[PDB]
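Below is one structure; the comments refer to it alone.
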Amino acid sequence: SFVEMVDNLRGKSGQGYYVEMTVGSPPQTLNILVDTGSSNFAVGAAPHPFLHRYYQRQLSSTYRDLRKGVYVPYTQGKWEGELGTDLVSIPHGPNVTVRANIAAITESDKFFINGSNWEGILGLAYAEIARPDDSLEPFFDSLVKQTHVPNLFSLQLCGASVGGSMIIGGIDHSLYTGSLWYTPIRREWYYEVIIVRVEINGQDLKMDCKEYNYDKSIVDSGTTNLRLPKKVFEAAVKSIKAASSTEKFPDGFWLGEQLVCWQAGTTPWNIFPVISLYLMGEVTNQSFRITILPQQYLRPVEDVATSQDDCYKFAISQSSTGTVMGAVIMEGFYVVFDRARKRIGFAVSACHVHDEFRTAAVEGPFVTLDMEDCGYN
Ligand SMILES: CC(C)c1cccc(CNC[C@@H](O)[C@@H]2Cc3cccc(c3)OCCCCCC(=O)N(C)[C@@H](C)C(=O)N2)c1
């Protein structure tokens with residue numbers, strides 16, 4: 001019965017992927033951002049300029065106040081509110097209702113996005129990073145404990161205005177091609193993984209693999225860009241700059257500020273390199289790689305002037321809190337969050353990014369010695 005969840009995600013480019021949910025009795029419908037980079041389920045619960053609707057606790061006969069405050073600071077944006085519980089369902093999801101923790105957002109700062117069409121956020125990571133502390137059980141833990149939904153979910157994030165699928169409880173084989181390749185979840189807090197090698201156009205960056213995971217590497221559907229530690233970011237940009245030097249870009253382009261444009265249909269994709277990320281595998285000295293096309297890390301953006309040229313934003317930014325494999329990395333892959341077996345699977349998505357001569361890929365096996373040494377401690 002996973003067909004009922006195919007195409008249950010929508011969104012606008014760069015404004016996150018969201019799924020429809022209901023909270024309370026009678027059910028109040030809200031669009032909820034799908035975020036594997038945090039662990040709090042929170043919804044707008046007070047008027048806000050960018051909110052078209054919000055959770056009205058007074059109108060829910062099943063609402064229970066927990067008499068406890070909460071706030072969450074993200075990398076960008078934050079909110080505060082009041083903790084409580086209520087009945088929650090996913091219309092295009094499993095046919096179940098669960099009582100879950102809900103943070104009623106009463107105040108926020110640079111969190112909600114004008115015209116995003118979502119009113120809350122579903123943190124799908126583990127209790128260890130929940131606010132105010134790990135005793136506040138995350139939504140997915142409650143779903144698994146209260147129903148028979150198996151302890152895993154899979155995400156198919158599709159590019160172009162955007163759509164995708166969140167399969168709750170399993171793997172839908174109609175959403176991918178080829179083989180699934182699995183990397184261990186290093187520790188159950190974020191979805192933490194270990195990157196063991198990085199290549200750009202087949203050239204090894206030749207860095208200490210610890211640099212790739214300093215101070216951690218996570219799979220984060222709630223972050224748009226690929227975010228890289230300072231030293232790795234500098235090496236990647238230098239390599240990407242050289243490969244595309246036949247064209248000039250403003251320096252602000254490489255910072256994610258300015259947007260580059262070309263005549264409609266003349267974007268020179270061939271001058272931008274592919275990025276291969278090698279992930280620790282399931283067996284001794286074995287890794288696998290996922291290859292990222294430039295159509296993934298050059299996010300298309302609405303032409304500020306006369307919409308007559310294809311314009312893009314550089315979707316790779318610098319990080320001071322480790323590597324983030326964000327939405328642009330996940331797009332075109334089918335990513336399986338196999339919580340039950342502490343692993344994350346990758347396969348080419350059925351909605352894969354199309355280049356003419358190159359293709360996004362998930363390939364293995366590879367031999368990589370000393371993979372354990374790549375984890376930061
Ligand atoms: C909460 C704790 C556990 C924590 C602290 C710091 C970092 C993390 C890692 N995970 C971050 C995500 O949880 C967050 C979600 C989030 C917050 C606000 C808006 C969101 C998603 O959608 C809008 C779509 C556009 C996304 C733009 C974008 O890339 N962002 C807004 C990044 C910068 C980010 O901050 N996204 C987790």
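Side chains are part of it too, since the values below use all heavy atoms of this structure and drop only hydrogens, waters and symmetry mates. Each residue takes its place number in the sequence, starting with 1.
Checked by atom type and distance alone, the side chain of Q296 pairs as donor or acceptor with a backbone atom of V328 at under 3.5 Å. Without hydrogens or angle criteria, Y334 side chain to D172 main chain gives a donor-acceptor distance under 3.5 Å. Using a distance-only test at 3.5 Å, with no hydrogens or angles considered, a donor-acceptor pair links the side chain of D310 to the main chain of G265. No donor-acceptor pair under 3.5 Å is formed between the side chain of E128 and the backbone N or O of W189. Under a 3.5 Å cut-off, the side chain of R10 and the backbone N or O of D7 do form a donor-acceptor pair. In this structure, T147 contributes its side chain and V149 its backbone to a donor-acceptor pair below 3.5 Å. For the pair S349 (side chain) and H352 (backbone), a donor-acceptor distance under 3.5 Å is absent. Using modelled atom types, no side-chain atom of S165 and backbone atom of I167 make a donor-acceptor pair closer than 3.5 Å. Distance alone, capped at 3.5 Å, is enough to place a donor-acceptor pair between the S244 side chain and the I240 backbone. Side chain of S154 to main chain of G170: a donor-acceptor pair is present (N/O by atom type, distance under 3.5 Å, no hydrogens or angles).
The closest side-chain heavy-atom distance from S142 to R99 is not below 4.5 Å. Side-chain contact between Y297 and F272 is present, with heavy atoms from C-beta onward closer than 4.5 Å. Between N101 and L66, the closest side-chain pair of non-hydrogen atoms falls below 4.5 Å. Using a 4.5 Å heavy-atom threshold, the side chains of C374 and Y212 count as separate. Between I194 and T183, the closest side-chain pair of non-hydrogen atoms is not below 4.5 Å. For the pair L175/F2, no side-chain contact is recorded, criterion being any heavy-atom separation below 4.5 Å from C-beta on. In this structure the side chain of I171 reaches within 4.5 angstrom of the side chain of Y176, judged on heavy atoms. Using a 4.5 Å heavy-atom cutoff, the side chains of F153 and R339 are in contact.
Shortest non-hydrogen contact noted between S287 and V196 is CB-CG2, 3.8 Å. Residues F112 and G44 come closest through the heavy atom pair CZ-CA, 3.8 Å. Here the shortest heavy-atom pairing between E257 and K313 reads O-NZ, 2.7 Å. The two atoms that bring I129 and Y190 nearest to each other are CD1-CD2, 3.5 Å, heavy atoms only. Of all non-hydrogen atoms in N8 and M166, the two that sit nearest each other are OD1-N, 2.8 Å. The two residues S174 and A350 make their nearest non-hydrogen contact at O-CB, 4.0 Å.
The hydrophobic cluster containing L124 does not contain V72, counting ILVMFWY residues as joined when their side-chain heavy atoms lie under 4.5 angstrom apart, directly or transitively. In the hydrophobic clustering of this structure, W79 groups with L51; members are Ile, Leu, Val, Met, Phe, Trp, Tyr whose side-chain heavy atoms approach within less than 4.5 Å, directly or through other members. Follow the hydrophobic side-chain contacts under 4.5 Å out from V232 and you never reach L255; the two are in separate clusters. The hydrophobic cluster containing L279 also contains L152, counting ILVMFWY residues as joined when their side-chain heavy atoms lie under 4.5 angstrom apart, directly or transitively. Under a hydrophobic-cluster definition in which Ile, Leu, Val, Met, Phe, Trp and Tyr are linked whenever side-chain heavy atoms come within less than 4.5 Å, directly or via other members, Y54 and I102 are assigned to different clusters.
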With a 3.5 Å cut-off and sequence neighbours excluded, list the donor-acceptor pairs that the side chains of residues 20-34 form with protein atoms.
| unit_1 | atom_1 | unit_2 | atom_2 | d |
| --- | --- | --- | --- | --- |
| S25 | OG | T62 | OG1 | 2.7 |
| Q28 | OE1 | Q56 | N | 2.8 |
| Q28 | NE2 | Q56 | O | 3.1 |
| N31 | ND2 | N117 | O | 2.9 |

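Rounded to the nearest 0.5 Å, atoms CD (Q318) and CG (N225) are 12.5 Å apart. Between atom CZ of residue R67 and atom CD of residue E82 there is a gap of 10.5 Å, rounded to the nearest 0.5 Å.
Atom CD of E247 sits in a crowded spot, with more than 12 heavy atoms from other residues, nucleotides or ligands closer than 6.0 Å. Surrounding NE2 of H48 are more than 12 heavy atoms belonging to other residues, nucleotides or ligands, all under 6.0 Å away. Remark: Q203 CD is loosely packed, at most 12 non-hydrogen atoms of other residues, nucleotides or ligands lying under 6.0 Å away. More than 12 heavy atoms of other residues, nucleotides or ligands lie within 6.0 Å of NZ in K210, so this atom counts as buried by the packing criterion. Counting heavy atoms of neighbouring residues, nucleotides and ligands inside a 6.0 Å radius, atom OH of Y71 does not exceed 12 of them. Other residues, nucleotides and ligands contribute at most 12 non-hydrogen atoms within 6.0 Å of the OH atom of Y214. Within a 6.0 Å radius of CZ in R64, no more than 12 heavy atoms belonging to other residues, nucleotides or ligands are found. In the displayed structure, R341 atom CZ is contacted under 6.0 Å by at most 12 heavy atoms of other residues, nucleotides or ligands.
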I'd like to know whether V335 forms a side chain to side chain contact (heavy atoms under 4.5 Å, CB included) with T36, so could you lay out the CA-CA distance, the side-chain angles of the two residues, the decisive distance to 0.1 Å, and finally the verdict.
CA-CA 11 Å; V335 187; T36 66; over 6 Å; no
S221 vs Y17, test: side-chain hydrogen bond (donor to acceptor under 3.5 Å, both in side chains). Steps then yes/no.
CA-CA 8 Å; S221 70; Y17 295 80; over 6 Å; no
Could you go step by step and tell me if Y126 and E192 meet the side-chain hydrogen bond (donor to acceptor under 3.5 Å, both in side chains) rule?
CA-CA 11 Å; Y126 301 93; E192 183 184 1; over 6 Å; no
Where do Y278 and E199 land on the side-chain hydrogen bond (donor to acceptor under 3.5 Å, both in side chains) test, with the steps shown first?
CA-CA 8 Å; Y278 294 71; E199 293 179 340; 2.8 Å; yes
How far apart are the C-alpha atoms of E234 and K238, what are their side-chain angles, what is the distance that settles it, and do they pass the salt bridge (charged side-chain N to carboxylate O under 4.0 Å, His left out) test?
CA-CA 6 Å; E234 300 171 326; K238 177 177 178 180; over 6 Å; no
Determine, step by step, whether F314 and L298 satisfy the side chain to side chain contact (heavy atoms under 4.5 Å, CB included) criterion, reporting the C-alpha distance in whole Å, the side-chain angles of both residues, the deciding distance to 0.1 Å, and the verdict.
CA-CA 5 Å; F314 192 56; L298 291 192; 3.9 Å; yes
Taking it one step at a time, do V198 and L277 satisfy side chain to side chain contact (heavy atoms under 4.5 Å, CB included)?
CA-CA 5 Å; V198 178; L277 303 177; 4.1 Å; yes
Stepwise side chain to side chain contact (heavy atoms under 4.5 Å, CB included) test for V43 and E119:
CA-CA 6 Å; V43 305; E119 298 88 35; 5.9 Å; no
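In this structure, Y312 has its ring center closer than 6.0 angstrom to the ring center of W269. With ring centers used as reference points, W181 lies 6.0 Å or more from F346.
Between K145 and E137, no side-chain nitrogen of the basic residue sits less than 4.0 Å from a carboxylate oxygen of the acidic one, so the salt-bridge criterion is not met.
Taking a 4.5 Å side-chain heavy-atom cut-off between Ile, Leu, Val, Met, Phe, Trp and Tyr, the cluster of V304 extends to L259, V301.
Scanning for ring pair (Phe, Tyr, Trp, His ring centres under 6.0 Å) contacts around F139 gives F41, with sequence neighbours left out.
Checking each of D220, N213, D215 against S217 for a side-chain contact (heavy atoms from CB on, under 4.5 Å) leaves exactly one that passes, namely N213.
Using a 30° and 60° split on the angle between ring planes, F111 and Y74 fall in the parallel class, below 30°.
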